file protein-v4.pdb (PDB, C-alpha atoms)
MODEL        1
ATOM      1  CA  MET A   1       0.000   0.000   0.000
ATOM      2  CA  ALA A   2       1.515   3.253  -1.242
ATOM      3  CA  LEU A   3       0.020   6.120   0.746
ATOM      4  CA  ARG A   4      -3.172   7.416  -0.887
ATOM      5  CA  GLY A   5      -5.498  10.335   0.170
ATOM      6  CA  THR A   6      -9.238  10.517  -0.887
ATOM      7  CA  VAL A   7      -9.093  14.031  -2.426
ATOM      8  CA  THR A   8      -7.188  15.126  -5.508
ATOM      9  CA  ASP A   9      -6.847  18.096  -7.819
ATOM     10  CA  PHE A  10      -9.969  18.562  -9.986
ATOM     11  CA  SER A  11      -9.148  18.137 -13.683
ATOM     12  CA  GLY A  12     -10.338  21.121 -15.681
ATOM     13  CA  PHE A  13     -10.335  23.407 -12.630
ATOM     14  CA  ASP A  14     -11.658  26.957 -13.235
ATOM     15  CA  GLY A  15     -11.149  28.875  -9.954
ATOM     16  CA  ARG A  16     -12.875  31.971 -11.312
ATOM     17  CA  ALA A  17     -16.038  30.013 -12.116
ATOM     18  CA  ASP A  18     -15.889  28.256  -8.749
ATOM     19  CA  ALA A  19     -15.596  31.664  -7.118
ATOM     20  CA  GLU A  20     -18.742  32.757  -9.014
ATOM     21  CA  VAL A  21     -20.592  29.667  -7.652
ATOM     22  CA  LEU A  22     -19.765  30.406  -4.015
ATOM     23  CA  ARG A  23     -20.747  34.082  -4.341
ATOM     24  CA  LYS A  24     -24.198  33.127  -5.741
ATOM     25  CA  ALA A  25     -24.558  30.502  -2.972
ATOM     26  CA  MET A  26     -24.180  33.294  -0.427
ATOM     27  CA  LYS A  27     -25.196  36.573  -2.160
ATOM     28  CA  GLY A  28     -28.790  37.297  -1.070
ATOM     29  CA  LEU A  29     -30.956  36.124   1.842
ATOM     30  CA  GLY A  30     -30.287  32.518   2.742
ATOM     31  CA  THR A  31     -27.396  30.309   1.832
ATOM     32  CA  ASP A  32     -27.059  27.408  -0.567
ATOM     33  CA  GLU A  33     -25.036  25.074   1.695
ATOM     34  CA  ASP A  34     -25.205  22.245  -0.835
ATOM     35  CA  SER A  35     -23.500  24.005  -3.709
ATOM     36  CA  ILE A  36     -20.796  25.078  -1.246
ATOM     37  CA  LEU A  37     -19.965  21.583   0.050
ATOM     38  CA  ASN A  38     -20.238  19.917  -3.374
ATOM     39  CA  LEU A  39     -17.825  22.366  -4.785
ATOM     40  CA  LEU A  40     -15.393  22.430  -1.841
ATOM     41  CA  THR A  41     -15.256  18.642  -1.038
ATOM     42  CA  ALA A  42     -14.416  18.075  -4.736
ATOM     43  CA  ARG A  43     -11.497  20.565  -4.933
ATOM     44  CA  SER A  44      -8.037  19.967  -3.490
ATOM     45  CA  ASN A  45      -6.733  22.191  -0.733
ATOM     46  CA  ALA A  46      -4.381  24.046  -3.141
ATOM     47  CA  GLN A  47      -7.344  24.597  -5.426
ATOM     48  CA  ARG A  48      -9.384  25.914  -2.489
ATOM     49  CA  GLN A  49      -6.732  28.561  -1.854
ATOM     50  CA  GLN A  50      -6.857  29.579  -5.544
ATOM     51  CA  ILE A  51     -10.637  29.851  -5.370
ATOM     52  CA  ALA A  52     -10.336  31.960  -2.174
ATOM     53  CA  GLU A  53      -7.941  34.263  -4.086
ATOM     54  CA  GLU A  54     -10.188  34.596  -7.128
ATOM     55  CA  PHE A  55     -13.185  35.347  -4.901
ATOM     56  CA  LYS A  56     -11.296  38.290  -3.351
ATOM     57  CA  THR A  57      -9.980  39.505  -6.715
ATOM     58  CA  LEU A  58     -13.465  39.456  -8.304
ATOM     59  CA  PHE A  59     -15.440  40.744  -5.371
ATOM     60  CA  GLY A  60     -13.070  42.417  -2.911
ATOM     61  CA  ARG A  61     -14.587  40.194  -0.222
ATOM     62  CA  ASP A  62     -13.029  37.530   1.971
ATOM     63  CA  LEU A  63     -14.345  34.095   1.084
ATOM     64  CA  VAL A  64     -13.533  32.543   4.494
ATOM     65  CA  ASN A  65     -15.062  35.469   6.448
ATOM     66  CA  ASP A  66     -18.163  35.303   4.309
ATOM     67  CA  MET A  67     -18.587  31.560   4.876
ATOM     68  CA  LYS A  68     -18.145  32.044   8.617
ATOM     69  CA  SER A  69     -20.959  34.621   8.535
ATOM     70  CA  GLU A  70     -23.229  32.498   6.368
ATOM     71  CA  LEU A  71     -22.643  29.065   7.916
ATOM     72  CA  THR A  72     -23.142  27.521  11.333
ATOM     73  CA  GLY A  73     -22.490  24.572  13.572
ATOM     74  CA  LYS A  74     -20.261  21.609  12.842
ATOM     75  CA  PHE A  75     -20.663  22.187   9.143
ATOM     76  CA  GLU A  76     -19.097  25.615   9.379
ATOM     77  CA  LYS A  77     -16.310  24.183  11.530
ATOM     78  CA  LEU A  78     -15.567  21.596   8.848
ATOM     79  CA  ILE A  79     -15.581  24.143   5.946
ATOM     80  CA  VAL A  80     -13.291  26.469   7.937
ATOM     81  CA  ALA A  81     -10.954  23.442   8.471
ATOM     82  CA  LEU A  82     -11.095  22.571   4.788
ATOM     83  CA  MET A  83     -10.105  26.111   3.884
ATOM     84  CA  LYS A  84      -7.005  26.261   6.102
ATOM     85  CA  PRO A  85      -3.938  25.811   3.885
ATOM     86  CA  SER A  86      -2.553  22.277   4.311
ATOM     87  CA  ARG A  87       0.890  23.707   5.321
ATOM     88  CA  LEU A  88      -0.854  25.603   8.184
ATOM     89  CA  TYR A  89      -3.461  23.116   9.484
ATOM     90  CA  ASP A  90      -1.430  21.159  12.047
ATOM     91  CA  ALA A  91       0.087  24.341  13.448
ATOM     92  CA  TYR A  92      -3.411  25.827  13.709
ATOM     93  CA  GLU A  93      -4.689  22.779  15.590
ATOM     94  CA  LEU A  94      -1.614  22.786  17.807
ATOM     95  CA  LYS A  95      -1.943  26.529  18.571
ATOM     96  CA  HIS A  96      -5.596  26.108  19.602
ATOM     97  CA  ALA A  97      -4.606  23.157  21.754
ATOM     98  CA  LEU A  98      -2.072  25.323  23.649
ATOM     99  CA  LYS A  99      -3.981  27.035  26.442
ATOM    100  CA  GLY A 100      -2.002  27.056  29.686
ATOM    101  CA  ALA A 101      -3.478  24.692  32.274
ATOM    102  CA  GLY A 102      -6.473  24.091  29.969
ATOM    103  CA  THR A 103      -4.158  22.676  27.273
ATOM    104  CA  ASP A 104      -5.580  19.895  25.109
ATOM    105  CA  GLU A 105      -2.889  17.206  25.525
ATOM    106  CA  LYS A 106      -4.879  14.842  23.305
ATOM    107  CA  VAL A 107      -4.380  16.973  20.221
ATOM    108  CA  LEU A 108      -0.720  17.497  21.072
ATOM    109  CA  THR A 109      -0.210  13.759  21.351
ATOM    110  CA  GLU A 110      -2.154  12.846  18.234
ATOM    111  CA  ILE A 111      -0.314  15.217  15.858
ATOM    112  CA  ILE A 112       3.157  15.000  17.438
ATOM    113  CA  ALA A 113       3.092  11.106  17.631
ATOM    114  CA  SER A 114       1.828  10.617  14.027
ATOM    115  CA  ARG A 115       3.687  13.170  11.926
ATOM    116  CA  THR A 116       7.003  12.405  10.217
ATOM    117  CA  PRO A 117      10.202  14.371  11.082
ATOM    118  CA  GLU A 118       9.664  16.131   7.761
ATOM    119  CA  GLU A 119       6.077  17.182   8.591
ATOM    120  CA  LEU A 120       7.192  18.235  12.048
ATOM    121  CA  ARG A 121       9.934  20.546  10.711
ATOM    122  CA  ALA A 122       7.435  22.155   8.374
ATOM    123  CA  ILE A 123       4.897  22.510  11.223
ATOM    124  CA  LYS A 124       7.424  24.191  13.565
ATOM    125  CA  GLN A 125       8.269  26.656  10.803
ATOM    126  CA  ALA A 126       4.674  27.464   9.871
ATOM    127  CA  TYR A 127       3.672  27.876  13.543
ATOM    128  CA  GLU A 128       6.454  30.385  14.090
ATOM    129  CA  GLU A 129       5.695  32.309  10.886
ATOM    130  CA  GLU A 130       1.950  32.485  11.737
ATOM    131  CA  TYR A 131       1.940  33.126  15.500
ATOM    132  CA  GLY A 132       5.318  34.707  16.354
ATOM    133  CA  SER A 133       6.164  32.147  19.042
ATOM    134  CA  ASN A 134       8.207  28.958  18.988
ATOM    135  CA  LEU A 135       6.162  25.743  18.961
ATOM    136  CA  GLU A 136       8.607  23.914  21.198
ATOM    137  CA  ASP A 137       8.713  26.790  23.784
ATOM    138  CA  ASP A 138       4.924  26.892  24.017
ATOM    139  CA  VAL A 139       4.630  23.093  24.463
ATOM    140  CA  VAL A 140       7.277  23.161  27.215
ATOM    141  CA  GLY A 141       5.412  26.025  28.984
ATOM    142  CA  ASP A 142       2.083  24.118  28.679
ATOM    143  CA  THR A 143       3.182  20.653  29.738
ATOM    144  CA  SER A 144       5.310  18.983  32.353
ATOM    145  CA  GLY A 145       7.122  15.839  33.401
ATOM    146  CA  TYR A 146       8.005  12.873  31.250
ATOM    147  CA  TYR A 147       5.106  13.664  28.933
ATOM    148  CA  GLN A 148       6.758  17.000  28.257
ATOM    149  CA  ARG A 149      10.179  15.416  27.628
ATOM    150  CA  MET A 150       8.773  12.880  25.187
ATOM    151  CA  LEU A 151       7.015  15.630  23.295
ATOM    152  CA  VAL A 152      10.318  17.504  23.191
ATOM    153  CA  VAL A 153      12.160  14.423  21.926
ATOM    154  CA  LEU A 154       9.640  14.029  19.084
ATOM    155  CA  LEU A 155       9.660  17.790  18.322
ATOM    156  CA  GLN A 156      13.373  17.476  17.512
ATOM    157  CA  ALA A 157      12.156  15.796  14.279
ATOM    158  CA  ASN A 158      15.405  13.840  14.537
ATOM    159  CA  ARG A 159      14.438  10.144  14.612
ATOM    160  CA  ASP A 160      17.057   7.796  13.145
ATOM    161  CA  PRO A 161      16.689   7.225   9.403
ATOM    162  CA  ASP A 162      15.221   3.952   8.055
ATOM    163  CA  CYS A 163      18.625   2.550   7.159
ATOM    164  CA  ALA A 164      19.861  -1.034   7.106
ATOM    165  CA  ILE A 165      18.545  -2.807  10.174
ATOM    166  CA  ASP A 166      21.447  -3.419  12.593
ATOM    167  CA  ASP A 167      20.088  -6.758  13.756
ATOM    168  CA  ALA A 168      22.295  -6.842  16.895
ATOM    169  CA  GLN A 169      20.897  -3.542  18.148
ATOM    170  CA  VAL A 170      17.415  -4.945  17.706
ATOM    171  CA  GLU A 171      17.854  -7.567  20.470
ATOM    172  CA  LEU A 172      19.752  -5.078  22.641
ATOM    173  CA  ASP A 173      17.020  -2.457  22.486
ATOM    174  CA  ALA A 174      14.449  -5.149  23.078
ATOM    175  CA  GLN A 175      16.325  -6.323  26.208
ATOM    176  CA  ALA A 176      16.868  -2.694  27.396
ATOM    177  CA  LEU A 177      13.151  -2.171  27.282
ATOM    178  CA  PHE A 178      12.607  -5.462  29.143
ATOM    179  CA  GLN A 179      15.048  -4.438  31.918
ATOM    180  CA  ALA A 180      13.460  -0.924  32.100
ATOM    181  CA  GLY A 181       9.845  -2.095  32.635
ATOM    182  CA  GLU A 182       8.784  -5.689  33.350
ATOM    183  CA  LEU A 183      12.069  -6.714  35.030
ATOM    184  CA  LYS A 184      12.482  -3.463  37.014
ATOM    185  CA  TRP A 185      11.009  -2.689  40.439
ATOM    186  CA  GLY A 186       9.067   0.165  38.850
ATOM    187  CA  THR A 187      10.094   1.826  35.551
ATOM    188  CA  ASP A 188      12.949   3.654  33.730
ATOM    189  CA  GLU A 189      10.903   6.191  31.662
ATOM    190  CA  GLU A 190      13.917   7.934  30.190
ATOM    191  CA  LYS A 191      14.889   4.624  28.578
ATOM    192  CA  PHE A 192      11.483   4.203  26.936
ATOM    193  CA  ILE A 193      11.642   7.823  25.842
ATOM    194  CA  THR A 194      14.986   7.502  24.050
ATOM    195  CA  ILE A 195      14.344   4.202  22.358
ATOM    196  CA  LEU A 196      10.708   4.727  21.349
ATOM    197  CA  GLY A 197      11.241   8.445  20.619
ATOM    198  CA  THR A 198      14.526   8.284  18.705
ATOM    199  CA  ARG A 199      15.138   4.907  16.938
ATOM    200  CA  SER A 200      14.107   4.433  13.319
ATOM    201  CA  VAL A 201      10.609   3.282  12.479
ATOM    202  CA  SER A 202      11.721   0.068  10.725
ATOM    203  CA  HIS A 203      14.167  -0.711  13.452
ATOM    204  CA  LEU A 204      11.496  -0.322  16.076
ATOM    205  CA  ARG A 205       9.066  -2.593  14.263
ATOM    206  CA  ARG A 206      11.735  -5.304  14.653
ATOM    207  CA  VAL A 207      12.321  -4.386  18.283
ATOM    208  CA  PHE A 208       8.551  -4.708  18.944
ATOM    209  CA  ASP A 209       8.388  -8.311  17.583
ATOM    210  CA  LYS A 210      11.612  -9.279  19.448
ATOM    211  CA  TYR A 211      10.034  -7.737  22.555
ATOM    212  CA  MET A 212       6.960 -10.049  22.340
ATOM    213  CA  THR A 213       9.280 -13.062  22.083
ATOM    214  CA  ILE A 214      11.729 -12.160  24.842
ATOM    215  CA  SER A 215       8.959 -11.011  27.218
ATOM    216  CA  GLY A 216       5.600 -12.645  26.369
ATOM    217  CA  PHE A 217       4.112  -9.136  26.199
ATOM    218  CA  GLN A 218       3.384  -6.712  23.386
ATOM    219  CA  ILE A 219       5.189  -3.426  24.020
ATOM    220  CA  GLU A 220       1.781  -1.689  24.240
ATOM    221  CA  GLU A 221       0.910  -3.927  27.193
ATOM    222  CA  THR A 222       4.129  -3.149  28.982
ATOM    223  CA  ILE A 223       3.405   0.572  28.468
ATOM    224  CA  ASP A 224      -0.034   0.234  29.997
ATOM    225  CA  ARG A 225       1.492  -1.568  33.007
ATOM    226  CA  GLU A 226       4.563   0.646  33.546
ATOM    227  CA  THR A 227       3.127   4.093  32.773
ATOM    228  CA  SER A 228       0.018   6.166  33.227
ATOM    229  CA  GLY A 229      -1.735   9.382  32.188
ATOM    230  CA  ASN A 230      -0.535  11.528  29.301
ATOM    231  CA  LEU A 231       2.853   9.754  29.050
ATOM    232  CA  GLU A 232       1.016   6.466  28.628
ATOM    233  CA  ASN A 233      -1.253   7.926  25.986
ATOM    234  CA  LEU A 234       1.737   9.431  24.202
ATOM    235  CA  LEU A 235       3.840   6.217  24.240
ATOM    236  CA  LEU A 236       0.897   4.275  22.894
ATOM    237  CA  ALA A 237       0.303   6.798  20.115
ATOM    238  CA  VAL A 238       3.954   6.676  19.146
ATOM    239  CA  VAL A 239       4.080   2.827  19.122
ATOM    240  CA  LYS A 240       0.855   2.616  17.160
ATOM    241  CA  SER A 241       2.253   5.201  14.712
ATOM    242  CA  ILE A 242       5.528   3.303  14.305
ATOM    243  CA  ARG A 243       3.381   0.203  13.523
ATOM    244  CA  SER A 244       1.053   2.059  11.132
ATOM    245  CA  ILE A 245       0.052   5.756  10.991
ATOM    246  CA  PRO A 246      -3.112   4.776   9.070
ATOM    247  CA  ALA A 247      -4.089   2.123  11.664
ATOM    248  CA  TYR A 248      -3.473   4.592  14.508
ATOM    249  CA  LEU A 249      -5.734   7.190  12.819
ATOM    250  CA  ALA A 250      -8.397   4.647  11.877
ATOM    251  CA  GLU A 251      -8.644   3.924  15.586
ATOM    252  CA  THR A 252      -8.648   7.595  16.547
ATOM    253  CA  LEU A 253     -11.638   8.019  14.156
ATOM    254  CA  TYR A 254     -13.238   4.899  15.571
ATOM    255  CA  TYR A 255     -13.127   6.154  19.128
ATOM    256  CA  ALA A 256     -14.242   9.632  18.015
ATOM    257  CA  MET A 257     -17.654   8.189  16.946
ATOM    258  CA  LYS A 258     -17.902   5.497  19.690
ATOM    259  CA  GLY A 259     -18.732   6.378  23.335
ATOM    260  CA  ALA A 260     -21.101   8.736  25.179
ATOM    261  CA  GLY A 261     -20.896  11.814  22.877
ATOM    262  CA  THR A 262     -19.358  12.364  19.417
ATOM    263  CA  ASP A 263     -15.900  13.983  19.209
ATOM    264  CA  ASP A 264     -16.679  16.172  16.172
ATOM    265  CA  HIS A 265     -13.414  18.120  16.579
ATOM    266  CA  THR A 266     -11.279  14.961  16.309
ATOM    267  CA  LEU A 267     -13.537  13.739  13.476
ATOM    268  CA  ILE A 268     -13.069  16.904  11.420
ATOM    269  CA  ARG A 269      -9.305  17.096  12.061
ATOM    270  CA  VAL A 270      -8.484  13.563  10.980
ATOM    271  CA  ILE A 271     -10.701  13.574   7.874
ATOM    272  CA  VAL A 272      -9.446  16.966   6.805
ATOM    273  CA  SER A 273      -5.772  16.647   7.751
ATOM    274  CA  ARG A 274      -5.334  13.244   6.164
ATOM    275  CA  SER A 275      -7.689  13.843   3.201
ATOM    276  CA  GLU A 276      -4.818  14.231   0.715
ATOM    277  CA  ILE A 277      -2.242  11.988   2.391
ATOM    278  CA  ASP A 278      -3.430   8.565   3.568
ATOM    279  CA  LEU A 279      -7.152   8.677   4.330
ATOM    280  CA  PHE A 280      -7.747   5.812   1.862
ATOM    281  CA  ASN A 281      -5.097   3.744   3.693
ATOM    282  CA  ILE A 282      -6.928   4.693   6.962
ATOM    283  CA  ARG A 283     -10.236   3.666   5.351
ATOM    284  CA  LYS A 284      -8.736   0.214   4.673
ATOM    285  CA  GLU A 285      -7.499  -0.054   8.312
ATOM    286  CA  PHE A 286     -10.842   1.052   9.843
ATOM    287  CA  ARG A 287     -12.508  -1.617   7.709
ATOM    288  CA  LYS A 288     -10.125  -4.457   8.530
ATOM    289  CA  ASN A 289     -10.053  -3.557  12.195
ATOM    290  CA  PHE A 290     -13.582  -2.389  12.940
ATOM    291  CA  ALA A 291     -15.924  -4.392  10.624
ATOM    292  CA  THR A 292     -17.611  -1.424   8.889
ATOM    293  CA  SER A 293     -16.972   1.362   6.464
ATOM    294  CA  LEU A 294     -15.541   4.624   7.670
ATOM    295  CA  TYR A 295     -18.487   5.828   5.540
ATOM    296  CA  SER A 296     -21.162   3.814   7.364
ATOM    297  CA  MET A 297     -19.933   5.005  10.705
ATOM    298  CA  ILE A 298     -19.731   8.662   9.660
ATOM    299  CA  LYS A 299     -23.230   8.175   8.134
ATOM    300  CA  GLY A 300     -24.763   6.720  11.224
ATOM    301  CA  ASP A 301     -23.237   9.173  13.725
ATOM    302  CA  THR A 302     -23.415  12.561  11.982
ATOM    303  CA  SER A 303     -26.167  14.490  10.252
ATOM    304  CA  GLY A 304     -26.827  17.356   7.868
ATOM    305  CA  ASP A 305     -24.641  19.279   5.471
ATOM    306  CA  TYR A 306     -21.828  18.322   7.921
ATOM    307  CA  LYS A 307     -22.653  14.639   7.247
ATOM    308  CA  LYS A 308     -22.906  15.149   3.469
ATOM    309  CA  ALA A 309     -19.470  16.816   3.391
ATOM    310  CA  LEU A 310     -17.682  14.185   5.579
ATOM    311  CA  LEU A 311     -19.064  11.401   3.395
ATOM    312  CA  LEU A 312     -18.050  13.244   0.259
ATOM    313  CA  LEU A 313     -14.568  13.654   1.800
ATOM    314  CA  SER A 314     -14.251  10.071   3.235
ATOM    315  CA  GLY A 315     -15.472   8.155   0.199
ATOM    316  CA  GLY A 316     -15.715   4.353   0.341
ATOM    317  CA  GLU A 317     -18.614   2.087  -0.564
ATOM    318  CA  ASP A 318     -17.826  -0.795   1.804
TER
ENDMDL
END
call {"tool": "encode", "arguments": {"input": "protein-v4.pdb", "output": "structure tokens"}}
result
Amino acid sequence: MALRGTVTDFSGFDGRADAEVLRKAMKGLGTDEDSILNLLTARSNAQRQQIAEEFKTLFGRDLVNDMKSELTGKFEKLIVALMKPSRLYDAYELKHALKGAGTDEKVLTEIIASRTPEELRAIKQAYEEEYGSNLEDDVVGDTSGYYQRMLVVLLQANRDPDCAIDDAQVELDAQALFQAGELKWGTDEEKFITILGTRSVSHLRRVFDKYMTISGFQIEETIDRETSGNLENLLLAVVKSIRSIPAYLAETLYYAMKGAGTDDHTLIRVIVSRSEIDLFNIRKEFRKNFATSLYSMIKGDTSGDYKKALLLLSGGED
């Protein structure tokens, strides 16, 4: 499976015409929500920015501000998300997560655990350019403890490259982890942090397997037994991301629509953020792991223009 998103550039794109469509959908009393979502869900993010620019050049009005005025609810939240340039969306989500003692650790974890060193470097740059603070400084100010240190490790965007798998190191790391958790009276967190936070992805997939054999336990189980709270949640998100970013995000989506209340914010972020990267791959995980379409579950748990847009974004029959 090469990585595939569910949204692509529209062939025969006319941004000027698309701009004309959105203006008509909003000029006058009432709003044509349907024309808006059909158009936007079927343009790529880059194309959405071009449309936004044509709208302002034709009309001297701000497309995004107009849609915020005209729209409401979850649907408006999802259009606003869709409109955020791809290069800026993770930094936007991270900035809104960063709120002193009210910080949303869950967002921090999800994005920082699942993004590549390359994505992370681009995010730190965008964040700085847009907000005039340093992403790493704000995270440190808004978090503490081992959780904080793991986030900082990951924020270095410095994980070992997927080079030839030093097979001797594999067993060593696997034993180190065994001695730091199950064998220890307590836990050596720093050890988990360095190995899980810094070794290559392909190396760690080998370490994980070797860990089951030498220990009887999957590394995820040892994490749940040796750690707690935000650290635990982080280490699990990193291990799941090492195993498969798509599988990790399939599950995130799963648990967004399961449980007492729907996590619309998580729903929106994962569909939008991954729409042009690996959302198909995620679709295929969610299927194989949860016994339903991403589609079906979005369909059953959401309603409205919001629903119609998600489903247009998600894609996927069965």
call {"tool": "atom_distance", "arguments": {"input": "protein-v4.pdb", "atom1": "atom CA of residue 70 of chain A", "atom2": "atom CA of residue 99 of chain A"}}
result
28.3 Å
call {"tool": "resolve_selection", "arguments": {"input": "protein-v4.pdb", "expression": "the PyMOL selection byres ((chain A and resi 229) around 12)", "output": "PyMOL selection string"}}
result
chain A and resi 105-106+109+144-147+223-228+230-236
call {"tool": "resolve_selection", "arguments": {"input": "protein-v4.pdb", "expression": "the PyMOL selection byres ((chain A and resi 116) around 10)", "output": "MDAnalysis selection string"}}
result
chainID A and resid 111:115 117:122 154 157:159 241 245
call {"tool": "resolve_selection", "arguments": {"input": "protein-v4.pdb", "expression": "the PyMOL selection byres ((chain A and resi 314) around 12)", "output": "NGL selection string"}}
result
:A and (5-7 or 41-42 or 250 or 253 or 267-268 or 270-276 or 278-284 or 286 or 293-299 or 307-313 or 315-318)
call {"tool": "atom_distance", "arguments": {"input": "protein-v4.pdb", "atom1": "atom CA of residue 187 of chain A", "atom2": "atom CA of residue 98 of chain A"}}
result
29.0 Å
call {"tool": "residues_around", "arguments": {"input": "protein-v4.pdb", "residues": "segment 83-92 of chain A", "least_positions_apart": "3", "cutoff": "6 Å", "atoms": "all atoms listed in the file", "output": "number ranges by chain"}}
result
A: 80, 95, 123, 127
call {"tool": "closest_residue", "arguments": {"input": "protein-v4.pdb", "among": "A:209, A:47, A:160, A:221", "to": "residue 195 of chain A", "atoms": "all atoms listed in the file"}}
result
A:160
call {"tool": "atom_distance", "arguments": {"input": "protein-v4.pdb", "atom1": "atom CA of residue 9 of chain A", "atom2": "atom CA of residue 43 of chain A"}}
result
6.0 Å
call {"tool": "closest_residue", "arguments": {"input": "protein-v4.pdb", "among": "A:139, A:174, A:196, A:97", "to": "residue 215 of chain A", "atoms": "all atoms listed in the file"}}
result
A:174
